[PDB]
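Just data_5.cif here, mmCIF, N, CA and C atoms and all ligand atoms:
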```cif
data_structure
loop_
_atom_site.label_atom_id
_atom_site.label_comp_id
_atom_site.auth_asym_id
_atom_site.auth_seq_id
_atom_site.Cartn_x
_atom_site.Cartn_y
_atom_site.Cartn_z
N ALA A 1 -10.49 -65.03 98.22
CA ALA A 1 -11.45 -65.48 99.27
C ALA A 1 -12.60 -64.49 99.44
N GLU A 2 -12.52 -63.38 98.72
CA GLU A 2 -13.54 -62.35 98.77
C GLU A 2 -14.34 -62.43 97.47
N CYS A 3 -15.66 -62.55 97.58
CA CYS A 3 -16.52 -62.66 96.40
C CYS A 3 -17.24 -61.37 96.01
N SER A 4 -16.56 -60.25 96.20
CA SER A 4 -17.11 -58.94 95.86
C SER A 4 -15.98 -57.93 95.71
N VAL A 5 -16.28 -56.84 95.01
CA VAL A 5 -15.30 -55.79 94.79
C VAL A 5 -16.03 -54.45 94.69
N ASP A 6 -15.47 -53.44 95.32
CA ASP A 6 -16.03 -52.09 95.29
C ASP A 6 -15.26 -51.32 94.23
N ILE A 7 -15.99 -50.79 93.24
CA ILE A 7 -15.36 -50.04 92.17
C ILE A 7 -15.98 -48.66 92.04
N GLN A 8 -15.15 -47.67 91.72
CA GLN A 8 -15.59 -46.29 91.54
C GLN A 8 -15.37 -45.78 90.12
N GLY A 9 -16.30 -44.94 89.67
CA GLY A 9 -16.22 -44.33 88.35
C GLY A 9 -16.36 -42.84 88.64
N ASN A 10 -15.33 -42.06 88.32
CA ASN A 10 -15.34 -40.62 88.63
C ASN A 10 -15.51 -39.65 87.46
N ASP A 11 -15.34 -38.36 87.76
CA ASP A 11 -15.48 -37.31 86.76
C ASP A 11 -14.31 -37.25 85.78
N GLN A 12 -13.26 -38.02 86.05
CA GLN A 12 -12.09 -38.06 85.18
C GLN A 12 -12.26 -39.12 84.11
N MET A 13 -13.45 -39.71 84.05
CA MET A 13 -13.76 -40.77 83.10
C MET A 13 -12.78 -41.93 83.34
N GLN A 14 -12.62 -42.26 84.62
CA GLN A 14 -11.72 -43.33 85.05
C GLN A 14 -12.32 -44.23 86.13
N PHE A 15 -12.01 -45.52 86.04
CA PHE A 15 -12.43 -46.49 87.04
C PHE A 15 -11.25 -46.50 88.01
N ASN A 16 -11.46 -46.93 89.25
CA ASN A 16 -10.34 -46.96 90.19
C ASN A 16 -9.71 -48.35 90.31
N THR A 17 -9.94 -49.17 89.29
CA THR A 17 -9.40 -50.53 89.23
C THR A 17 -9.16 -50.90 87.76
N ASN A 18 -8.05 -51.58 87.49
CA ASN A 18 -7.70 -52.01 86.13
C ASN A 18 -7.80 -53.52 85.97
N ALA A 19 -7.87 -54.23 87.09
CA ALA A 19 -7.93 -55.69 87.06
C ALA A 19 -8.72 -56.27 88.23
N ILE A 20 -9.49 -57.30 87.93
CA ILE A 20 -10.30 -57.98 88.94
C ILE A 20 -10.09 -59.48 88.77
N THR A 21 -9.84 -60.17 89.88
CA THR A 21 -9.66 -61.61 89.83
C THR A 21 -10.78 -62.25 90.64
N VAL A 22 -11.57 -63.10 89.99
CA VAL A 22 -12.67 -63.79 90.67
C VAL A 22 -12.14 -65.13 91.16
N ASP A 23 -12.19 -65.34 92.47
CA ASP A 23 -11.73 -66.58 93.08
C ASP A 23 -12.69 -67.72 92.75
N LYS A 24 -12.13 -68.88 92.38
CA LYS A 24 -12.93 -70.06 92.03
C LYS A 24 -13.86 -70.53 93.13
N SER A 25 -13.45 -70.34 94.38
CA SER A 25 -14.24 -70.75 95.54
C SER A 25 -15.58 -70.02 95.56
N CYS A 26 -15.66 -68.92 94.82
CA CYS A 26 -16.89 -68.13 94.76
C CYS A 26 -17.91 -68.74 93.81
N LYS A 27 -19.12 -68.94 94.31
CA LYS A 27 -20.20 -69.47 93.48
C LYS A 27 -20.86 -68.28 92.77
N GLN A 28 -20.79 -67.12 93.42
CA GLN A 28 -21.36 -65.87 92.90
C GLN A 28 -20.39 -64.73 93.18
N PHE A 29 -20.47 -63.67 92.39
CA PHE A 29 -19.58 -62.52 92.54
C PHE A 29 -20.40 -61.24 92.47
N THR A 30 -20.04 -60.27 93.31
CA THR A 30 -20.77 -59.01 93.36
C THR A 30 -19.89 -57.81 93.06
N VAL A 31 -20.39 -56.93 92.20
CA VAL A 31 -19.67 -55.71 91.86
C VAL A 31 -20.50 -54.55 92.40
N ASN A 32 -19.90 -53.77 93.29
CA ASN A 32 -20.56 -52.61 93.89
C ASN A 32 -19.97 -51.35 93.26
N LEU A 33 -20.67 -50.81 92.27
CA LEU A 33 -20.20 -49.60 91.58
C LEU A 33 -20.76 -48.34 92.22
N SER A 34 -19.93 -47.31 92.31
CA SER A 34 -20.35 -46.03 92.87
C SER A 34 -19.73 -44.93 92.04
N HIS A 35 -20.37 -43.76 92.08
CA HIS A 35 -19.93 -42.60 91.33
C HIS A 35 -19.65 -41.44 92.29
N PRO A 36 -18.38 -41.26 92.69
CA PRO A 36 -17.98 -40.19 93.60
C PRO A 36 -17.89 -38.81 92.95
N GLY A 37 -18.21 -38.73 91.66
CA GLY A 37 -18.14 -37.47 90.95
C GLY A 37 -19.33 -36.56 91.19
N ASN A 38 -19.34 -35.42 90.50
CA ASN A 38 -20.41 -34.43 90.64
C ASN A 38 -21.04 -34.03 89.31
N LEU A 39 -20.55 -34.61 88.22
CA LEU A 39 -21.06 -34.32 86.89
C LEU A 39 -22.34 -35.10 86.57
N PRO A 40 -23.28 -34.46 85.85
CA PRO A 40 -24.57 -35.05 85.46
C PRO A 40 -24.41 -36.37 84.70
N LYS A 41 -25.38 -37.26 84.90
CA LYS A 41 -25.40 -38.57 84.26
C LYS A 41 -25.32 -38.49 82.73
N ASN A 42 -25.89 -37.43 82.17
CA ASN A 42 -25.89 -37.25 80.72
C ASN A 42 -24.53 -36.88 80.13
N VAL A 43 -23.63 -36.37 80.96
CA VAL A 43 -22.30 -36.01 80.47
C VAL A 43 -21.20 -36.90 81.03
N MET A 44 -21.46 -37.55 82.16
CA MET A 44 -20.46 -38.43 82.78
C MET A 44 -21.08 -39.67 83.43
N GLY A 45 -22.02 -40.29 82.73
CA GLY A 45 -22.66 -41.48 83.24
C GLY A 45 -21.74 -42.69 83.13
N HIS A 46 -21.82 -43.57 84.12
CA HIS A 46 -20.99 -44.76 84.13
C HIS A 46 -21.74 -46.02 84.47
N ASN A 47 -21.29 -47.11 83.87
CA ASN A 47 -21.84 -48.43 84.14
C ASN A 47 -20.67 -49.41 84.14
N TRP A 48 -20.91 -50.61 84.66
CA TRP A 48 -19.90 -51.66 84.70
C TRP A 48 -20.49 -52.79 83.88
N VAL A 49 -19.85 -53.10 82.76
CA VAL A 49 -20.32 -54.15 81.86
C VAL A 49 -19.23 -55.18 81.68
N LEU A 50 -19.61 -56.45 81.74
CA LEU A 50 -18.66 -57.54 81.61
C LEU A 50 -18.94 -58.40 80.40
N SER A 51 -17.88 -58.77 79.70
CA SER A 51 -17.97 -59.64 78.53
C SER A 51 -16.60 -60.24 78.29
N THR A 52 -16.49 -61.15 77.33
CA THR A 52 -15.19 -61.71 77.02
C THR A 52 -14.38 -60.59 76.35
N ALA A 53 -13.06 -60.67 76.39
CA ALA A 53 -12.24 -59.64 75.76
C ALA A 53 -12.56 -59.56 74.27
N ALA A 54 -12.87 -60.71 73.68
CA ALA A 54 -13.20 -60.78 72.27
C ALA A 54 -14.48 -60.03 71.91
N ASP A 55 -15.45 -60.06 72.82
CA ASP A 55 -16.74 -59.40 72.59
C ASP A 55 -16.85 -57.94 72.98
N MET A 56 -15.87 -57.41 73.71
CA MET A 56 -15.93 -56.03 74.16
C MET A 56 -16.26 -55.00 73.08
N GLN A 57 -15.50 -55.01 71.99
CA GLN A 57 -15.70 -54.06 70.89
C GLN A 57 -17.13 -54.05 70.37
N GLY A 58 -17.66 -55.24 70.09
CA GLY A 58 -19.01 -55.35 69.58
C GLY A 58 -20.03 -54.80 70.57
N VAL A 59 -19.86 -55.13 71.85
CA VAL A 59 -20.77 -54.66 72.89
C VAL A 59 -20.74 -53.14 73.00
N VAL A 60 -19.54 -52.57 72.92
CA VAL A 60 -19.37 -51.12 73.01
C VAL A 60 -20.01 -50.40 71.82
N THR A 61 -19.80 -50.94 70.62
CA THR A 61 -20.34 -50.36 69.40
C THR A 61 -21.87 -50.39 69.38
N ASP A 62 -22.44 -51.56 69.62
CA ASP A 62 -23.89 -51.70 69.63
C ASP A 62 -24.50 -51.01 70.84
N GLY A 63 -23.67 -50.74 71.84
CA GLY A 63 -24.15 -50.08 73.04
C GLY A 63 -24.44 -48.61 72.81
N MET A 64 -23.46 -47.89 72.24
CA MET A 64 -23.63 -46.47 71.97
C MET A 64 -24.73 -46.27 70.93
N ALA A 65 -24.88 -47.25 70.04
CA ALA A 65 -25.89 -47.21 68.99
C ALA A 65 -27.29 -47.31 69.57
N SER A 66 -27.39 -47.86 70.78
CA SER A 66 -28.66 -48.03 71.46
C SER A 66 -29.11 -46.77 72.22
N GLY A 67 -28.23 -45.78 72.30
CA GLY A 67 -28.56 -44.53 72.97
C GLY A 67 -28.77 -44.56 74.47
N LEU A 68 -28.90 -43.38 75.06
CA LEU A 68 -29.10 -43.22 76.50
C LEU A 68 -30.40 -43.88 76.97
N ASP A 69 -31.37 -43.98 76.07
CA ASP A 69 -32.67 -44.58 76.38
C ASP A 69 -32.59 -46.08 76.64
N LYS A 70 -31.37 -46.62 76.57
CA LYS A 70 -31.10 -48.04 76.82
C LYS A 70 -29.86 -48.20 77.71
N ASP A 71 -29.51 -47.16 78.47
CA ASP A 71 -28.34 -47.20 79.35
C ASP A 71 -27.08 -47.58 78.54
N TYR A 72 -27.13 -47.29 77.25
CA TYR A 72 -26.04 -47.56 76.32
C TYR A 72 -25.66 -49.03 76.20
N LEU A 73 -26.67 -49.89 76.28
CA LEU A 73 -26.48 -51.34 76.17
C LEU A 73 -27.54 -51.87 75.23
N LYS A 74 -27.14 -52.65 74.24
CA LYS A 74 -28.11 -53.21 73.30
C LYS A 74 -28.97 -54.26 74.01
N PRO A 75 -30.30 -54.11 73.92
CA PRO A 75 -31.20 -55.07 74.57
C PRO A 75 -30.96 -56.48 74.06
N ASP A 76 -30.93 -57.42 75.00
CA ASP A 76 -30.73 -58.84 74.70
C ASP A 76 -29.39 -59.14 74.03
N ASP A 77 -28.37 -58.36 74.37
CA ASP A 77 -27.05 -58.60 73.81
C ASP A 77 -26.47 -59.80 74.56
N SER A 78 -26.53 -60.97 73.92
CA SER A 78 -26.03 -62.21 74.50
C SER A 78 -24.56 -62.17 74.92
N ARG A 79 -23.80 -61.26 74.33
CA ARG A 79 -22.37 -61.12 74.63
C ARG A 79 -22.12 -60.57 76.02
N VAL A 80 -23.10 -59.86 76.56
CA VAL A 80 -22.99 -59.29 77.89
C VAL A 80 -23.19 -60.40 78.92
N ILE A 81 -22.21 -60.56 79.81
CA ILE A 81 -22.26 -61.57 80.86
C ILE A 81 -23.02 -61.03 82.07
N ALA A 82 -22.72 -59.78 82.41
CA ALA A 82 -23.35 -59.11 83.54
C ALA A 82 -23.16 -57.60 83.40
N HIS A 83 -23.95 -56.83 84.13
CA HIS A 83 -23.84 -55.38 84.02
C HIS A 83 -24.57 -54.70 85.15
N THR A 84 -24.12 -53.49 85.47
CA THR A 84 -24.78 -52.67 86.48
C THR A 84 -25.60 -51.66 85.70
N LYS A 85 -26.50 -50.92 86.34
CA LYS A 85 -27.25 -49.92 85.58
C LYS A 85 -26.32 -48.72 85.33
N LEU A 86 -26.77 -47.80 84.48
CA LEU A 86 -25.99 -46.60 84.17
C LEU A 86 -26.28 -45.62 85.31
N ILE A 87 -25.23 -45.19 86.01
CA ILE A 87 -25.40 -44.28 87.14
C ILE A 87 -24.73 -42.94 86.93
N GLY A 88 -25.27 -41.92 87.59
CA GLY A 88 -24.71 -40.58 87.51
C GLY A 88 -24.06 -40.19 88.82
N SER A 89 -23.60 -38.95 88.90
CA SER A 89 -22.94 -38.42 90.08
C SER A 89 -23.65 -38.73 91.38
N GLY A 90 -22.88 -39.19 92.36
CA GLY A 90 -23.41 -39.52 93.67
C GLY A 90 -24.19 -40.81 93.82
N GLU A 91 -24.46 -41.49 92.71
CA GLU A 91 -25.22 -42.73 92.75
C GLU A 91 -24.39 -43.99 92.93
N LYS A 92 -25.08 -45.10 93.17
CA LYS A 92 -24.44 -46.40 93.34
C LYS A 92 -25.36 -47.51 92.83
N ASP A 93 -24.77 -48.63 92.42
CA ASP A 93 -25.54 -49.77 91.95
C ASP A 93 -24.69 -51.03 92.10
N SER A 94 -25.34 -52.12 92.50
CA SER A 94 -24.66 -53.39 92.68
C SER A 94 -25.26 -54.49 91.83
N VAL A 95 -24.40 -55.38 91.34
CA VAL A 95 -24.86 -56.51 90.55
C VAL A 95 -24.16 -57.75 91.06
N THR A 96 -24.92 -58.84 91.15
CA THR A 96 -24.40 -60.13 91.57
C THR A 96 -24.69 -61.12 90.45
N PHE A 97 -23.67 -61.84 90.01
CA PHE A 97 -23.86 -62.82 88.94
C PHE A 97 -23.22 -64.17 89.28
N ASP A 98 -23.67 -65.22 88.59
CA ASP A 98 -23.15 -66.57 88.80
C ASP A 98 -21.76 -66.72 88.21
N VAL A 99 -20.81 -67.13 89.04
CA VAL A 99 -19.43 -67.29 88.59
C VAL A 99 -19.29 -68.43 87.58
N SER A 100 -20.30 -69.30 87.53
CA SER A 100 -20.31 -70.42 86.60
C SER A 100 -20.37 -69.93 85.15
N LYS A 101 -20.64 -68.64 84.97
CA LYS A 101 -20.70 -68.05 83.63
C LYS A 101 -19.29 -67.74 83.12
N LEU A 102 -18.30 -67.96 83.98
CA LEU A 102 -16.91 -67.70 83.64
C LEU A 102 -16.13 -69.01 83.67
N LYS A 103 -15.06 -69.07 82.87
CA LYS A 103 -14.21 -70.25 82.82
C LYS A 103 -12.74 -69.85 82.90
N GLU A 104 -11.95 -70.72 83.51
CA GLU A 104 -10.52 -70.49 83.64
C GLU A 104 -9.84 -70.43 82.28
N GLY A 105 -8.78 -69.63 82.21
CA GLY A 105 -8.01 -69.51 80.98
C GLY A 105 -8.60 -68.60 79.93
N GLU A 106 -9.76 -68.02 80.19
CA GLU A 106 -10.38 -67.11 79.24
C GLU A 106 -10.25 -65.67 79.70
N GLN A 107 -9.94 -64.78 78.75
CA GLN A 107 -9.79 -63.35 79.03
C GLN A 107 -11.12 -62.60 78.98
N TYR A 108 -11.45 -61.94 80.09
CA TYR A 108 -12.68 -61.16 80.18
C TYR A 108 -12.31 -59.70 80.38
N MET A 109 -13.23 -58.81 80.03
CA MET A 109 -12.99 -57.39 80.19
C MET A 109 -14.23 -56.73 80.75
N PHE A 110 -14.01 -55.78 81.66
CA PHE A 110 -15.10 -54.98 82.21
C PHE A 110 -14.89 -53.58 81.64
N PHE A 111 -15.97 -52.87 81.39
CA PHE A 111 -15.87 -51.54 80.78
C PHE A 111 -17.17 -50.77 80.92
N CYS A 112 -17.08 -49.48 80.63
CA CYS A 112 -18.23 -48.58 80.66
C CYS A 112 -18.62 -48.37 79.20
N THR A 113 -19.91 -48.46 78.91
CA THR A 113 -20.39 -48.30 77.54
C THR A 113 -20.87 -46.90 77.16
N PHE A 114 -20.75 -45.93 78.07
CA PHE A 114 -21.14 -44.56 77.76
C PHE A 114 -20.17 -44.18 76.63
N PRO A 115 -20.69 -43.66 75.51
CA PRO A 115 -19.87 -43.27 74.35
C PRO A 115 -18.52 -42.63 74.65
N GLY A 116 -17.46 -43.33 74.23
CA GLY A 116 -16.10 -42.84 74.41
C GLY A 116 -15.40 -43.20 75.71
N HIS A 117 -16.17 -43.57 76.72
CA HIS A 117 -15.60 -43.89 78.02
C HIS A 117 -14.66 -45.09 78.07
N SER A 118 -14.96 -46.14 77.31
CA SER A 118 -14.12 -47.34 77.31
C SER A 118 -12.67 -47.10 76.88
N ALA A 119 -12.40 -45.93 76.30
CA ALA A 119 -11.04 -45.59 75.89
C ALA A 119 -10.14 -45.64 77.13
N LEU A 120 -10.70 -45.25 78.28
CA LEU A 120 -9.98 -45.24 79.56
C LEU A 120 -10.61 -46.19 80.57
N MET A 121 -11.94 -46.26 80.54
CA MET A 121 -12.69 -47.10 81.47
C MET A 121 -12.87 -48.55 81.04
N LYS A 122 -11.80 -49.32 81.22
CA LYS A 122 -11.81 -50.73 80.89
C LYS A 122 -10.73 -51.41 81.70
N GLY A 123 -10.96 -52.68 82.01
CA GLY A 123 -9.99 -53.44 82.77
C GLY A 123 -10.17 -54.92 82.51
N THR A 124 -9.25 -55.71 83.03
CA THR A 124 -9.28 -57.16 82.86
C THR A 124 -9.94 -57.89 84.03
N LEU A 125 -10.48 -59.07 83.73
CA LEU A 125 -11.12 -59.92 84.72
C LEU A 125 -10.85 -61.37 84.33
N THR A 126 -10.42 -62.17 85.30
CA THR A 126 -10.12 -63.58 85.06
C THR A 126 -10.60 -64.41 86.23
N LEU A 127 -10.89 -65.68 85.96
CA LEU A 127 -11.31 -66.64 86.97
C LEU A 127 -10.05 -67.41 87.33
N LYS A 128 -9.70 -67.40 88.62
CA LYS A 128 -8.50 -68.07 89.10
C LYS A 128 -8.65 -68.66 90.50
CU CU B 1 -18.58 -44.07 81.92
#
```

Could you quickly redo this structure as structure tokens?
Ligand SMILES: [Cu+2]
Amino acid sequence: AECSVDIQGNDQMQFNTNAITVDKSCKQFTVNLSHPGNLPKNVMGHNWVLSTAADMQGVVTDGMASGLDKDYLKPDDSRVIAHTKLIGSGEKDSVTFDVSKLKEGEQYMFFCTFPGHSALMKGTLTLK
């Protein structure tokens, strides 16, 4: 019944959530990302990126290949459903997207595209 979720990305290269369930009653969903850490954006930058579980690997690979000058996300990557900007220590960013971009029974994954972060910074998302 809640169409938003507060998520944190810290200096331990960890998100504080492993799973997110988007309620069908929601026409839109909001992700409020914050960085409670103290490490510089260049060494511990975090973002919240959503894609199907199948597309995660490709998005992550082409993301790091795009460098910091692109918030580690390939421009016009159709595989990306939604994303927050790349934030550093003490910062916050929110993104709201149309839930109609998701379908029941499909596996989605949220993750950080900063090089190497997705090893720990990834979780599941489903429409239910
Ligand atoms: Cu990160």

task: Grab me every residue within 12 Å of ligand CU 1 (chain B), counting only C-alpha atoms and all ligand atoms, and send it over as a PyMOL selection string.
output: chain A and resi 8-15+33-35+37+39-49+60+64+68+71-72+84-89+110-122

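Counting all atoms listed in the file, the residue from A:4, A:128, A:16, A:25 that sits nearest to residue A:103 is A:128.
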
Selection near residue A:21, 10 Å with only C-alpha atoms, sequence-local residues under 4 positions removed, as a ChimeraX atom specification: /A:2-5,124-128

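The space separating atom CA of residue A:36 from atom CA of residue A:51 comes to 24.6 Å.
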
Atom pair atom CA of residue A:38 / atom CA of residue A:93: separation (Å):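 Taking atom CA of residue A:38 as the start and atom CA of residue A:93 as the end point, the length is 16.2 Å.
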
- request: Assign secondary structure with DSSP using the backbone only, and return the residues of stretch 25-109 of chain A in alpha helix (DSSP H) as a list in words.
  value: residues 41, 42, 43, 44, 56, 57, 58, 59, 60, 61, 62, 63, 64 and 65 of chain A

message: So the first atom is atom CA of residue A:66 and the second is atom N of residue A:52; what is the distance between them in Å, to one decimal place?
response: 18.8 Å

message: Considering only strand (DSSP E or B) as DSSP defines it on the backbone, what residues of stretch 19-113 of chain A qualify? List them as JSON, numbers by chain.
response: {"A": [19, 20, 21, 22, 28, 29, 30, 31, 32, 33, 34, 46, 49, 50, 51, 52, 82, 83, 87, 92, 93, 94, 95, 96, 97, 98, 108, 109, 110, 111]}

When you get a chance, write out N, CA, C and O atoms for stretch 17-28 of chain A, as a short mmCIF file (atom, residue, chain, number, x, y, z; two decimals), keeping the file's coordinate frame.
```cif
data_model
loop_
_atom_site.label_atom_id
_atom_site.label_comp_id
_atom_site.auth_asym_id
_atom_site.auth_seq_id
_atom_site.Cartn_x
_atom_site.Cartn_y
_atom_site.Cartn_z
N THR A 17 -9.94 -49.17 89.29
CA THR A 17 -9.40 -50.53 89.23
C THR A 17 -9.16 -50.90 87.76
O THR A 17 -9.98 -50.58 86.91
N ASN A 18 -8.05 -51.58 87.49
CA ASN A 18 -7.70 -52.01 86.13
C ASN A 18 -7.80 -53.52 85.97
O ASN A 18 -7.82 -54.03 84.85
N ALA A 19 -7.87 -54.23 87.09
CA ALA A 19 -7.93 -55.69 87.06
C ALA A 19 -8.72 -56.27 88.23
O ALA A 19 -8.63 -55.79 89.36
N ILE A 20 -9.49 -57.30 87.93
CA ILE A 20 -10.30 -57.98 88.94
C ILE A 20 -10.09 -59.48 88.77
O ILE A 20 -10.11 -60.00 87.66
N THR A 21 -9.84 -60.17 89.88
CA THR A 21 -9.66 -61.61 89.83
C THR A 21 -10.78 -62.25 90.64
O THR A 21 -10.98 -61.90 91.80
N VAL A 22 -11.57 -63.10 89.99
CA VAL A 22 -12.67 -63.79 90.67
C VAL A 22 -12.14 -65.13 91.16
O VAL A 22 -11.64 -65.94 90.37
N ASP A 23 -12.19 -65.34 92.47
CA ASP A 23 -11.73 -66.58 93.08
C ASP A 23 -12.69 -67.72 92.75
O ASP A 23 -13.91 -67.56 92.82
N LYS A 24 -12.13 -68.88 92.38
CA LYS A 24 -12.93 -70.06 92.03
C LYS A 24 -13.86 -70.53 93.13
O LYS A 24 -14.91 -71.11 92.85
N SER A 25 -13.45 -70.34 94.38
CA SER A 25 -14.24 -70.75 95.54
C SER A 25 -15.58 -70.02 95.56
O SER A 25 -16.51 -70.46 96.24
N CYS A 26 -15.66 -68.92 94.82
CA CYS A 26 -16.89 -68.13 94.76
C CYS A 26 -17.91 -68.74 93.81
O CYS A 26 -17.60 -69.02 92.65
N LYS A 27 -19.12 -68.94 94.31
CA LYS A 27 -20.20 -69.47 93.48
C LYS A 27 -20.86 -68.28 92.77
O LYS A 27 -21.39 -68.40 91.66
N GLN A 28 -20.79 -67.12 93.42
CA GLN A 28 -21.36 -65.87 92.90
C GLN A 28 -20.39 -64.73 93.18
O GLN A 28 -19.58 -64.83 94.10
#
```
